Amino acid sequence: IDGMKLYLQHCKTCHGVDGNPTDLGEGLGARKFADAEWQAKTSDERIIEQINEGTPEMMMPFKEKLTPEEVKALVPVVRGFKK
Ligand code: HEC
Ligand SMILES: [Zn+2]
Ligand SMILES: [Zn+2]
Ligand SMILES: [Zn+2]
Ligand SMILES: [Zn+2]
Ligand SMILES: [Zn+2]
Ligand SMILES: [Zn+2]
Ligand SMILES: [Zn+2]
Ligand SMILES: [Zn+2]
Ligand SMILES: [Zn+2]
Ligand SMILES: [Zn+2]
């Protein structure tokens, strides 16, 4: 399973190639991933829950689109943006 390939296919349109949100993502409410303070207060389970369930009117749920293994493979991608 390629995490980065999944991210570019499903996430980059809102969150950006570097974790800095696009025009679409920012307008919907997304903040940058390369944020030390965000990374520090955010658990892996919070990242997994967000991918799975989304946020109403902000981010679609991905639980019917990706297996738990695919969701888990995205954690290091999100973590790898920092600074
Ligand atoms: C545009 C429709 C989006 C797509 C496609 C994806 N995400 Fe997203 N995400 C979006 C918004 C507007 C927000 C803010 C809403 C909120 O409740 O925080 C988010 C949030 C995240 C978060 C952070 C949650 C937190 O606790 O701070 C993560 C980790 C995240 N999103 C990851 C993510 C991944 C891995 C995606 C592809 C499968 C993805 N998102 C798609 C907008 C959009
Ligand atoms: Zn896919
Ligand atoms: Zn998709
Ligand atoms: Zn900060
Ligand atoms: Zn971890
Ligand atoms: Zn929760
Ligand atoms: Zn939950
Ligand atoms: Zn959520
Ligand atoms: Zn939220
Ligand atoms: Zn809606
Ligand atoms: Zn809706």
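As deposited, the entry is annotated with X-ray crystallography as its determination method and 1.90 Å as its resolution.

As annotated in the PDB entry, the chain carries the name Cytochrome c-552 Ks_3358 and is attributed to Candidatus Kuenenia stuttgartiensis. Under its PDB record, the entry appears with the title "KustC0563 c-type cytochrome".

Chemist: Sorry, what's going on with helix α6 (residues 68-79) here?
Modeler: In an α-helix, one full turn covers 3.6 residues, which means residues spaced three or four apart are oriented alike. Here α6 is twelve residues long and its end C-alpha atoms lie 17 Å apart, about the 16 Å a rise of 1.5 Å per residue gives. Among the residues of α6, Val71, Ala73, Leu74, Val75, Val77 and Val78 are the ones counted as buried. Looking at the buried residues of α6, the elements they touch are α1 (3-10), α4 (36-41) and α5 (44-53).

Chemist: Could you clarify how one ought to interpret the site of ligand 1 in this entry?
Modeler: What surrounds ligand 1 is a group of 19 residues, the closest being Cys11, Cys14, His15, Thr55 and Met59. Taking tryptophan 38, its side chain carries an N or O atom lying 2.9 Å from an oxygen atom of ligand 1. In the model, an oxygen atom of ligand 1 is placed 2.8 Å from a nitrogen or oxygen of the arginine 46 side chain. Contributions of two or more residues to the shell around ligand 1 are made by α2 (12-15) and α5. Looking at the shell around ligand 1, the element that brings in the most residues is α5, giving four residues. Its residues assigned to classes, the shell around ligand 1 comprises 13 nonpolar, five polar and one charged.

Chemist: Sorry, what's going on with the pattern of salt bridges here?
Modeler: A pair can form between side chains of opposite charge whenever their charged atoms are brought close. Under the definition given, this model contains three salt bridges. Its salt-bridge partner being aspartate 44, residue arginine 79 comes within 2.8 Å of it at the nearest N-O pair. Here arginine 79, found in helix α6, pairs with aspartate 44, found in helix α5; they are 35 residues apart in sequence, far enough to count as distant. Residue class for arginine 79 comes out partly exposed when judged on its relative accessible area of 24%.

What counts as what
Residues numbered from 1 in each chain as written, not as in the entry; some residues may be left out. Chains lettered and ligands numbered in written order. Heavy atoms only, no water. Residues with missing side-chain atoms left out of burial classes, pairs and counts. Helix = DSSP H or I, 4+ residues; strand = E, 2+ residues; numbered from the N terminus. Expected span 1.5 Å × (residues − 1). Buried < 20%, exposed > 50% of the residue type's maximum accessible area, 1.4 Å probe, protein only. Contact = heavy atoms within 4.5 Å. Near = heavy atom within 4 Å. Polar contact = N/O pair within 3.5 Å; in protein donor to acceptor, adjacent residues only side chain to side chain. Nonpolar A, V, L, I, M, F, W, Y, C, P; charged D, E, K, R; others polar. Salt bridge = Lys/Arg side-chain N within 4 Å of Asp/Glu carboxyl O.

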